[PDB]
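Enquirer: First, the structure itself, so that you have it in front of you.
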Amino acid sequence: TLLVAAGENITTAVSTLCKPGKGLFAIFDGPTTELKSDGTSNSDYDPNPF
Amino acid sequence: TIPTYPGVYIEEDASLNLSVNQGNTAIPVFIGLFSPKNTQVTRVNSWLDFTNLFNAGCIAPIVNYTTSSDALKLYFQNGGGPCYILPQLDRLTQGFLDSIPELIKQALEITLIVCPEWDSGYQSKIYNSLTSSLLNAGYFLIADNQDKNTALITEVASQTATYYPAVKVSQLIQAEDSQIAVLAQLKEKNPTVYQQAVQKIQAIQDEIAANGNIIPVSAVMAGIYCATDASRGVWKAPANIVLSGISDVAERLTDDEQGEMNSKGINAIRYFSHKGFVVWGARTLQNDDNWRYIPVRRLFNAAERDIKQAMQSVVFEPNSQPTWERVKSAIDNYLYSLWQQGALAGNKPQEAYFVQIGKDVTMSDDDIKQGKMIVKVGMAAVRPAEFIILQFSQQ
Amino acid sequence: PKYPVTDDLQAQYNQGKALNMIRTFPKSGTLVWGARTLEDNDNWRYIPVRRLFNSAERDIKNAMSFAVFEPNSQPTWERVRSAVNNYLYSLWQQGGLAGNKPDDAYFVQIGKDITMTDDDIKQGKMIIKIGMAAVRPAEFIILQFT
Amino acid sequence: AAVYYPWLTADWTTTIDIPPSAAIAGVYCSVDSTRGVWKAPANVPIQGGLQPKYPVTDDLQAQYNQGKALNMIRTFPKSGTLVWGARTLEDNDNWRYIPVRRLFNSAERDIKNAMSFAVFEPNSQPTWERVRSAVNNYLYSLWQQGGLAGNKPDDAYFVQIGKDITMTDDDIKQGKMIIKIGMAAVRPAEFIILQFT
Amino acid sequence: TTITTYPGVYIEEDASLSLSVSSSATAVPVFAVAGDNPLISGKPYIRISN
Amino acid sequence: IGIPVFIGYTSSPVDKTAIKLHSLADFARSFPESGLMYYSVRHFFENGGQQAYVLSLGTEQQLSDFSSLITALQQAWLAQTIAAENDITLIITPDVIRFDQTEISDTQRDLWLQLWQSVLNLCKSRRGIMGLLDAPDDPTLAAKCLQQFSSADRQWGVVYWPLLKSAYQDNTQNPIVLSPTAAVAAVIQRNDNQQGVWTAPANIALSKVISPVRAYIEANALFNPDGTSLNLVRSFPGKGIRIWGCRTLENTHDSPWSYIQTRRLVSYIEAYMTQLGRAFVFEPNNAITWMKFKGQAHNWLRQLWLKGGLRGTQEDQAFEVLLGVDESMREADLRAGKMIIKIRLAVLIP
């Protein structure tokens, strides 16, 4: 049911697996550094609703 | 879908659903001489946030005198929310002027434009740098009048509010030598030039004390805009609000004098014994029936920007009847919510707003063939009661 | 948590491709704050809405595999309609769907003239339309006094 | 035909950029499966986490959106990378938009395959009844799904076949059965214009 | 119009105007004083309460 | 309940954080005796004060002038500390006594206004913090300051006048002059415990006060019916020293914030509602949750009503709570993910 990153890059796997009707869901990991104030530390992530 | 193998297939309804949601209507941008701690437009959440990112003081980086730090303190004192800072560095080059409309547009939330500088010449250059295509896109400018008699000259009169006179504060913000950018390093390296700079700094200090600590009022008014929008709606006029954390107005005004300016479109800051220092005026620089009061103009800016942002998810949907029904319902619900909040005048919705979109009511066959989708929106905004007239009769 | 997150800093990252935050509170210890997905539209803004549909689709899909090659006529339609209605009724009883009455929370349609046509039956297709009104988190609580 | 600009790049790419047509072909299948062949394959995200090689300004796209148009892949601040533009290489009203051309392509193919079962059928009234009914049912299905624009079915399509409607006596004697089919395809809402009063 | 931007609890207070008329003092007089009087000379006005 | 904080210069230097005091022994354990703010702290405890905080800007010897005191009060670290410390409710600055009243010029009038604004700024760090303020010695300047004060935070300000003299003596036999802010703060704590927040801290006797530093007759002009009035500490014939007045700095006559009890009672209600609402931050937004929230809020408000805290004969006029898919929000609000609760109240009048 759930796909867990567990501390490594699984971006490619999520985009090719989590699709409508598949029933899977993914959990990512945030950046390891300080949260940048202006709020642009989201660019690396793909807006996937799953 | 097209079945290929026996089994069970799952289809998810991907048809669009539309909903227009109100956004912020009071984020300002400040243009002036600032000294950032780290070497672009920067977002500041509060006065404490500004201190952690900028060097607060009355001296520009090296000498010049700046009221920007003091003006920003007043803005947060009067209920102002998060804002954006556009620091100006070195001499005022023509390249900076051309980039001002570009930099503002990149920050998507900016709504108000304020120049918290005190010099009239500096303010005039900044105001003219604002292209007509910038203000006409849904941006409001707040300016300070330099004179009681004549009004400002502005590229877009309908999108500008002008206030007079300036305000006074008792104490400015004084900073240690470690805060002024080039002083602590300069003192230990060469005290001779340090003495040379200090004399000019002391020369600046006593002139400000002598003439009084005069702060431009546009910075204060920006905080009033956000405070009013938080308490009441954008449709409520930002006048009749008590200023906070102020010492005195630069020049006292009478009822006769204000009436002369109010016709010209100059909003006044008046002092009333029963109430204190209040804002007396809610008019823009245009004197026609449509764009005469600030709340009417700014309410349209909010409604247009909110609807325009919501329609971005419809820019390639099929141009048929089902699409028009969803588009009409989304705007109708948004306007209906505004009417119930008191933003529109009318006893029934038919008198307050109307939306029209259809094959033969708004478009034609040629527009559909060419890809145009036309929507008509009508709003009856509520105007402030600038004058109250009491007619007493002995009946 | 390795770093503290202020109230305003979370407010900056709670829009669009949001980052759900793990924060420490003075009276509650460490809590999980935020339940937003990476899509900001009204359909799939929240994790529970997306995960609820995932479980509902998975459950019904598994149940429907026992009725694949059954006759495609009225008696089969009555059985599939009853089975799906009971499952959705149970979800509404537990509070997983919002609505005063069950017909305001869900609907199931299947029939000879409701969902499929005559040519669909001759081509071996049985079509079921299911609507669901998932309950959404009360992310913001607004108190107004007079 | 349609042209897409510019070429795309990704993290795994090292020295050669992905041609845009490879990624767009995948977008066509996803859009067809979800919304239908009549929906414009534009304003939809690129799922691979790809990035355009060169940025395209709003004005620059406006220069190339006429005539032999170039559909542009652009990055937006709030929605990531999207496909912008659904124009073909012909600017007339008939085939200006990709969905209109592609919908007719699929409609002709489906009907052509069906009619292969009636090639040598007798050319009389009973056969004409069955051909018209089969085509009418198919077109009614398209209108129900929203692929054709019209308040009533006869505003969206029409089918004509008969002894004195589409073919003459000499046409029948030469072994010709002629069917005239009209369709009102749905066009995209490329430009949205809001008027305030 | 509170703008919800972070998860939490927001507090609002009614700010619509409440209007009522209050009775003032209707007997405050002003007395005229001659020019030569020393008490009034050199001052705009004098307020006397007893 | 109202937990006051004391801001002033202290003979023994300490860190920039506040301390917790429950008795004079703890005060002696951390601080040495003799000093203006120590005397008021003793006065607060001796009137019936239970617990309070103490914050030090510096040592007692570094007093410079009025502008220095105001500038010291404007430092950023004090605002953060009171914001961080949750249970502080009242702010007291008794050190204003140590400065003479040389003249009634505009220079003195403006300085008093800035001190009021600076304290009110500290009161805006958290919601519900009330500030206790002082007034100039002569009625002329106090009346001038009251009329000319212009601020949007008048709701959170309470001022007491005149200064008070007590039986406490220095090494020289002179009566110590103390501000009435310390005395009333103990009364509020006593009123909060014995009678509750919704009871006005007026018409109540103080203790260990010899006489007000000034008289009654000169104070007639300070009280004002409509707004910007003062609260009087007044001696009585055969009734002891009394607190006469429970009005804040609010100007408009129609506002419900004109009395200190009403402003504090509403804030007290607000604190519990925020505390209760935190348990519902991510609950499902359906009928079950609305009924649960309505029941808990109704029961607590009914409990408060039966103690006489609300003005009403039945429940309906006393209070009203609305929460549901209708009458509080719309379907679009649920998709937005926000829950709206509307509460109506009816406060008492002293």
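Chain identifiers are assigned as A, B, and so on, following the order in which chains appear in the structure tokens; residues are numbered from 1 within each chain, and ligands are numbered from 1 in order of appearance.
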Run DSSP on the backbone and grab whatever in region 30-158 of chain D lands in strand (DSSP E or B); send it over as a ChimeraX atom specification.
Expert: /D:45,51-52,71-76,80-84,87,97,148,157-158
Enquirer: Excluding region 240-252 of chain B and residues on its chain fewer than 6 positions from it, collect all residues at most 9 Å away from it, counting only C-alpha atoms, and give them as a ChimeraX atom specification.
Expert: /B:74,77-78,164-170,212,214,220-221,224,228,269-271,275-281 /F:110,113-114,117-118,150-153
Enquirer: With C-alpha atoms retained, export the selected residues as a PDB file, in the first residue's frame.
Expert:
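Heads up, here's the output in again14.pdb:
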```
ATOM      1  CA  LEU B  74       5.793  52.638  11.852  1.00  0.00           C
ATOM      2  CA  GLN B  77       3.350  49.461  14.489  1.00  0.00           C
ATOM      3  CA  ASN B  78       0.070  50.173  12.648  1.00  0.00           C
ATOM      4  CA  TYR B 164      -0.639  64.779   3.160  1.00  0.00           C
ATOM      5  CA  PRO B 165       1.020  65.887   5.407  1.00  0.00           C
ATOM      6  CA  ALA B 166       3.985  63.889   6.698  1.00  0.00           C
ATOM      7  CA  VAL B 167       4.103  62.607  10.270  1.00  0.00           C
ATOM      8  CA  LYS B 168       6.527  63.278  13.114  1.00  0.00           C
ATOM      9  CA  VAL B 169       8.139  60.849  15.546  1.00  0.00           C
ATOM     10  CA  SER B 170      10.108  61.673  18.674  1.00  0.00           C
ATOM     11  CA  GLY B 212      12.128  67.548  13.515  1.00  0.00           C
ATOM     12  CA  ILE B 214       9.743  63.871   9.648  1.00  0.00           C
ATOM     13  CA  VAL B 220       2.125  54.374   7.850  1.00  0.00           C
ATOM     14  CA  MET B 221      -0.867  54.193   5.509  1.00  0.00           C
ATOM     15  CA  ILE B 224      -3.611  50.886   7.863  1.00  0.00           C
ATOM     16  CA  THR B 228      -8.496  47.470   7.744  1.00  0.00           C
ATOM     17  CA  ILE B 269      -4.443  63.440   7.967  1.00  0.00           C
ATOM     18  CA  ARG B 270      -6.541  65.343  10.502  1.00  0.00           C
ATOM     19  CA  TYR B 271      -6.416  65.685  14.279  1.00  0.00           C
ATOM     20  CA  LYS B 275     -10.562  60.898  18.578  1.00  0.00           C
ATOM     21  CA  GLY B 276      -6.910  61.844  18.020  1.00  0.00           C
ATOM     22  CA  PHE B 277      -4.999  61.547  14.745  1.00  0.00           C
ATOM     23  CA  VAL B 278      -7.159  59.923  12.064  1.00  0.00           C
ATOM     24  CA  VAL B 279      -7.115  59.440   8.304  1.00  0.00           C
ATOM     25  CA  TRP B 280      -9.693  61.730   6.680  1.00  0.00           C
ATOM     26  CA  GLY B 281     -10.007  60.793   3.014  1.00  0.00           C
TER      27      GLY B 281
ATOM     28  CA  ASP F 110       4.925  63.464  24.986  1.00  0.00           C
ATOM     29  CA  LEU F 113       2.511  59.131  26.010  1.00  0.00           C
ATOM     30  CA  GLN F 114       5.483  57.141  24.695  1.00  0.00           C
ATOM     31  CA  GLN F 117       2.615  53.278  23.973  1.00  0.00           C
ATOM     32  CA  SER F 118       5.797  51.341  24.765  1.00  0.00           C
ATOM     33  CA  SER F 150      -3.901  58.628  20.212  1.00  0.00           C
ATOM     34  CA  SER F 151      -3.464  54.867  19.892  1.00  0.00           C
ATOM     35  CA  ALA F 152      -5.364  51.859  18.584  1.00  0.00           C
ATOM     36  CA  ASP F 153      -4.394  49.840  21.688  1.00  0.00           C
TER      37      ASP F 153
END
```
Enquirer: Return as a PDB file with C-alpha atoms, in the first residue's frame the residues belonging to chain E that are within 6 Å of chain C, counting only C-alpha atoms.
Expert:
```pdb
ATOM      1  CA  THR E   5      -1.857  29.942   5.988  1.00  0.00           C
ATOM      2  CA  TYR E   6      -0.710  27.602   8.780  1.00  0.00           C
ATOM      3  CA  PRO E   7      -2.599  24.797  10.545  1.00  0.00           C
ATOM      4  CA  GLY E   8      -3.863  25.912  13.929  1.00  0.00           C
ATOM      5  CA  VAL E   9      -6.605  27.860  15.686  1.00  0.00           C
ATOM      6  CA  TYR E  10      -7.477  31.415  14.636  1.00  0.00           C
ATOM      7  CA  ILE E  11      -9.256  34.015  16.774  1.00  0.00           C
ATOM      8  CA  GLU E  12     -11.622  36.608  15.304  1.00  0.00           C
ATOM      9  CA  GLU E  13     -13.563  39.446  16.913  1.00  0.00           C
ATOM     10  CA  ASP E  14     -16.551  41.338  15.558  1.00  0.00           C
TER      11      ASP E  14
END
```
Enquirer: If the cut-off is 8 Å, can you tell me the residues of chain D near chain A, counting only C-alpha atoms? I'd like them as a VMD selection string.
Expert: chain D and resid 47 to 49 79 to 80
Enquirer: Mind giving me the straight-line distance from CA of residue 366 (chain B) to CA of residue 151 (chain D) in Å, one decimal?
Expert: 17.7 Å
Enquirer: Based on only C-alpha atoms, which of the residues in chain A come within 12 Å of chain B? I want them as a ChimeraX atom specification.
Expert: /A:19-23,36-40
Enquirer: Could you write those residues out with N, CA and C atoms, as a PDB file, in the first residue's frame?
Expert:
```pdb
ATOM      1  N   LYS A  19       0.204   5.758  -9.847  1.00  0.00           N
ATOM      2  CA  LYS A  19      -0.662   6.257 -10.901  1.00  0.00           C
ATOM      3  C   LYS A  19      -2.100   5.935 -10.530  1.00  0.00           C
ATOM      4  N   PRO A  20      -3.069   6.660 -11.094  1.00  0.00           N
ATOM      5  CA  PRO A  20      -4.470   6.426 -10.720  1.00  0.00           C
ATOM      6  C   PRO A  20      -4.887   4.982 -10.956  1.00  0.00           C
ATOM      7  N   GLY A  21      -5.627   4.436  -9.992  1.00  0.00           N
ATOM      8  CA  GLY A  21      -6.081   3.065 -10.047  1.00  0.00           C
ATOM      9  C   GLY A  21      -5.116   2.046  -9.484  1.00  0.00           C
ATOM     10  N   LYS A  22      -3.853   2.418  -9.269  1.00  0.00           N
ATOM     11  CA  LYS A  22      -2.865   1.476  -8.757  1.00  0.00           C
ATOM     12  C   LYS A  22      -3.010   1.223  -7.262  1.00  0.00           C
ATOM     13  N   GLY A  23      -3.506   2.197  -6.503  1.00  0.00           N
ATOM     14  CA  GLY A  23      -3.706   2.029  -5.080  1.00  0.00           C
ATOM     15  C   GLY A  23      -2.490   2.272  -4.214  1.00  0.00           C
ATOM     16  N   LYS A  36      15.059  27.086   3.809  1.00  0.00           N
ATOM     17  CA  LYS A  36      15.376  28.404   3.278  1.00  0.00           C
ATOM     18  C   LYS A  36      14.173  29.329   3.423  1.00  0.00           C
ATOM     19  N   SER A  37      14.433  30.566   3.855  1.00  0.00           N
ATOM     20  CA  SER A  37      13.360  31.443   4.321  1.00  0.00           C
ATOM     21  C   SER A  37      12.387  31.808   3.206  1.00  0.00           C
ATOM     22  N   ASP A  38      12.895  32.112   2.010  1.00  0.00           N
ATOM     23  CA  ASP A  38      12.025  32.606   0.949  1.00  0.00           C
ATOM     24  C   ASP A  38      11.070  31.546   0.415  1.00  0.00           C
ATOM     25  N   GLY A  39      11.270  30.276   0.756  1.00  0.00           N
ATOM     26  CA  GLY A  39      10.300  29.249   0.433  1.00  0.00           C
ATOM     27  C   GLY A  39      10.461  28.566  -0.904  1.00  0.00           C
ATOM     28  N   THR A  40      11.649  28.596  -1.502  1.00  0.00           N
ATOM     29  CA  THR A  40      11.869  27.961  -2.794  1.00  0.00           C
ATOM     30  C   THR A  40      12.509  26.584  -2.679  1.00  0.00           C
TER      31      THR A  40
END
```
Enquirer: Using only C-alpha atoms, select each residue of chain F with any atom at most 12 Å away from an atom of chain B, and give the selection as number ranges by chain.
Expert: F: 67-68, 70-71, 74-77, 79-80, 106-107, 109-122, 124-125, 144-154, 224, 226-228, 250-253, 329-333, 335-336
Enquirer: Tell me, counting only C-alpha atoms, for each residue of chain C within 8 Å of chain A, which pair of atoms is nearest and how far apart they are in Å to one decimal, in rows ordered by chain and increasing number, as CSV.
Expert:
```
residue,atom,partner,partner_atom,distance
C:3,CA,A:34,CA,7.6
C:9,CA,A:37,CA,7.1
C:12,CA,A:39,CA,6.1
C:13,CA,A:39,CA,6.2
C:17,CA,A:47,CA,6.1
C:19,CA,A:30,CA,7.4
C:37,CA,A:49,CA,5.9
C:38,CA,A:47,CA,4.8
C:39,CA,A:49,CA,4.8
C:44,CA,A:49,CA,6.2
C:45,CA,A:49,CA,7.7
C:50,CA,A:50,CA,7.2
C:51,CA,A:25,CA,7.5
C:54,CA,A:23,CA,4.8
C:55,CA,A:23,CA,7.1
C:57,CA,A:21,CA,7.3
C:58,CA,A:23,CA,6.3
```
